[PDB]
Amino acid sequence: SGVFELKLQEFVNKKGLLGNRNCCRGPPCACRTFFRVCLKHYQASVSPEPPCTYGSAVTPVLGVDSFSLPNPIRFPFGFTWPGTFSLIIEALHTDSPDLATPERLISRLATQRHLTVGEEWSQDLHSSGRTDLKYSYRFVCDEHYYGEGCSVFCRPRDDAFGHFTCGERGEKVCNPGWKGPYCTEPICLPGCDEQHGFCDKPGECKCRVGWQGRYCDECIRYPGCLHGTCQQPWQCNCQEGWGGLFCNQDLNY
């Protein structure tokens, strides 16, 4: 379906000579900083607690104190992107390579967000209290997947089952000459009769029983009909100065 990409930029641990005693387990010291990210469904009040539904992630130590980065984090998303989600990202200090979050920690970000799909990166800055996180995120459809939720699968196909290319939002764009929901129906020749005509291929206009002509709107007279015309098929109605079934009977000489 799609992938939620989140890349991390500038974090700026606002720590003066004041003590951030999470660091220095055993005086200003280096705070080995790694992150934990949780994607959850939309919540009216975002809870940091981790039954994270859209999924979690724990990163290695990305840096000491305050730092910046040049890459992104990939969250595989295997169904329709809701567009609305709750993002929770925590910055944490540890002393070991361990990882996996008490307080050790540094700070917490928790917010509700609306994200439209597409390749355009959404920029944001969480600057508050004692921390300054800069970050970009987006949602990119997997290939052959389109639509506002990356839920529309499409592959260009010209064969027995169907004839179409893939549209912008993933809709089936029928190739010239074809129509219908699955682009399986051939377009009849412009002018072809609806009732007395059918089409097995995207150019012709085939006539049914009792009808003839280019557009199949011309009936067939009774076999042997000379001077006369049909209204409905197999009719032979004599015109001026003729009679009989064949209309060959002349009333002149």
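Under this note's numbering, the residues of the sequence shown are numbered 24 to 276, in order.
Beta carbons: idealized from backbone N, C-alpha and C, even for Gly.
Environment of residue i [buried if 16+ CB atoms lie within 10 Å]
i, result
"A53", "exposed"
"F184", "exposed"
"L148", "exposed"
"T56", "buried"
"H186", "buried"
"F102", "exposed"
"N36", "buried"
"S151", "exposed"
"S109", "buried"
"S119", "exposed"
"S130", "buried"
"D88", "buried"
"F100", "buried"
"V60", "buried"
"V232", "exposed"
"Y65", "exposed"
"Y276", "exposed"
"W201", "buried"
8 Å CB neighbourhood of residue i in its chain, flanking five on each side removed
i, result
"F98", "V26, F27, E28, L29, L62, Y77, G78 and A80"
"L128", "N45, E113, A114, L115 and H116"
"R180", "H186 and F187"
"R178", "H167 and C189"
Proximal residues to residue i (C-beta, below 6 Å), its chain only, five neighbours per side dropped
i, result
"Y160", "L29 and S145"
"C173", "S24, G25, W104, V140 and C164"
"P95", "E28 and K30"
"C197", "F187 and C206"
"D155", "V35"
"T82", "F57 and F58"
"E72", "none"
"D121", "none"
"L132", "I112 and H149"
"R48", "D118"
Opening and closing residue of the beta strand (DSSP E) in which residue i lies
i, result
"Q255", "No beta strand (DSSP E) holds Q255; DSSP gives it neither H nor E."
"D216", "Segment: none, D216 is in no beta strand (DSSP E) and carries neither H nor E."
"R136", "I129 to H137"
"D223", "Note, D223: premise wrong, no beta strand (DSSP E); not H, not E."
"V60", "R55 to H64"
"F108", "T107 to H116"
"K157", "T154 to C164"
"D147", "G141 to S151"
"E28", "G25 to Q32"
"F184", "From DSSP, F184 is part of no beta strand (DSSP E); its letter is neither H nor E."
"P246", "Per DSSP, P246 belongs to no beta strand (DSSP E) and is neither H nor E."
"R97", "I96 to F100"
"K195", "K195 to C197"
"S79", "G78 to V81"
Integer-rounded CB distance, given that residue j should sit under 8 Å from residue i
i, j, result
"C230", "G220", "6 Å"
"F58", "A123", "Their Cβ separation, rounded to whole angstroms, is 12 Å, which puts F58 and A123 out of contact at 8 Å."
"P209", "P225", "4 Å"
"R192", "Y168", "So it is not a contact: roughly 11 Å between Cβ atoms."
"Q254", "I243", "Their Cβ separation, rounded to whole angstroms, is 12 Å, which puts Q254 and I243 out of contact at 8 Å."
"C228", "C239", "6 Å"
"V69", "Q135", "6 Å"
Spatial neighbours of residue i in its chain, beta-carbon cut-off 7 Å, leaving aside the 5 residues before and after
i, result
"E143", "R161"
"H250", "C261, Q262, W265 and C270"
"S91", "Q32 and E33"
"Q272", "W265 and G266"
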